[PDB]
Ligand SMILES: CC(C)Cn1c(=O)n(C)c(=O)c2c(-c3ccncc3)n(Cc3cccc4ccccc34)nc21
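Okay, here we've got a single chain as structure tokens, the form deposited without this ligand, with questions on binding and movement later.
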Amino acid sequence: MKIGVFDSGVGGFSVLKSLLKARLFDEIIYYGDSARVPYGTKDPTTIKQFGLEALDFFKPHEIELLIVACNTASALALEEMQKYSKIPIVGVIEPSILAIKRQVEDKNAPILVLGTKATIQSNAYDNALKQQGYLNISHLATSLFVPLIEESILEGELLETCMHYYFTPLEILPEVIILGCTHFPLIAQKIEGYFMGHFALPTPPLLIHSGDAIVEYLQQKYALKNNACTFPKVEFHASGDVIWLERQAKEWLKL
């Protein structure tokens, strides 16, 4: 079918990479609000309005389903967007909760949630996780990860120092880490390397990928074949220069 994917910028490509891999949809209309990104360092009122405005962008595209690839938008504007919609709107938060429920049996397992300041402040993951019984949960806003990753600073001294800055105050060694942000998958191995090295772990904690989770959810609900289509057509749209956004699509979608 034909669907739309919404994100604040190019981070949502991490989710698009997953969606493509699953070969679930024939046509995908991706819209990145690159003129206003990032959303994570802003307020609830502003983000909700951005969410509603994303709706207006897709209305004429005739999409059968809208994926809010942005973790920040999913945590603050999903509710409203759905209230006003003739079609289904799926965020990347709830699907990750389901991924945890089946991947993390022990309700006492230490879980660390990483996200933007807005996503963490919303308690979106904390609320959802507790409902499912989990009692050992920790939350951490790692905002500088976003700009570092957009500068393509995916390794080296600076990145290590930034992770050390954010992770040092942590009280509990996580057994599971949720990548509650579109950009974090790009430094997944680095995050794993940090904990394995700093805490001398034989194996890294478990990381939950937002894109892979929403895929598992969309394959279940809205039942879809794992190759219901050959070459999916994709449209790229942005509030900023679309050429700049498309250029990054190459880098993010690349294996």
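Only residues modelled in both forms are compared. Throughout, rigid core stands for the largest set of C-alpha atoms superposing within 1.5 Å between the two forms. Start at 1 with the first residue shown and count on from there.
Just so it is clear, the following notes concern the form deposited with this ligand bound, a form of the same protein that is not shown.
Placing this ligand onto this chain after superposition of the site C-alphas, with its pose taken in the deposited complex, gives at least three ligand atoms within 2.4 angstroms of backbone or C-beta atoms; the site is classed as blocked. Contact check for 13, 149 and 154: all three have a heavy atom within 4.5 Å of this ligand in the deposited complex.
In the deposited complex, none of the heavy atoms of residue 208 sits within 4.5 Å of a heavy atom of this ligand. Among residues of the shown chain, residue 182 is one whose heavy atoms approach this ligand to within 4.5 Å in the deposited complex.
Of the heavy atoms in residue 17, some are within 4.5 Å of this ligand in the deposited complex.
A residue is said to contact a partner when one of its heavy atoms sits within 4.5 Å of a partner heavy atom; residue 253 meets this definition for this ligand in the deposited complex. Residue heavy atoms within 4.5 Å of this ligand in the deposited complex occur in exactly one stretch of 211-219, 55-63, 197-205, 183-191, and that stretch is 183-191.
Residues of 40-57 placing a heavy atom within 4.5 Å of this ligand in the deposited complex: none. After superposition on the rigid core, a single segment of 3 or more consecutive residues displaced by 2 Å or more at every C-alpha between the shown form and the other one is found, at 247-255.
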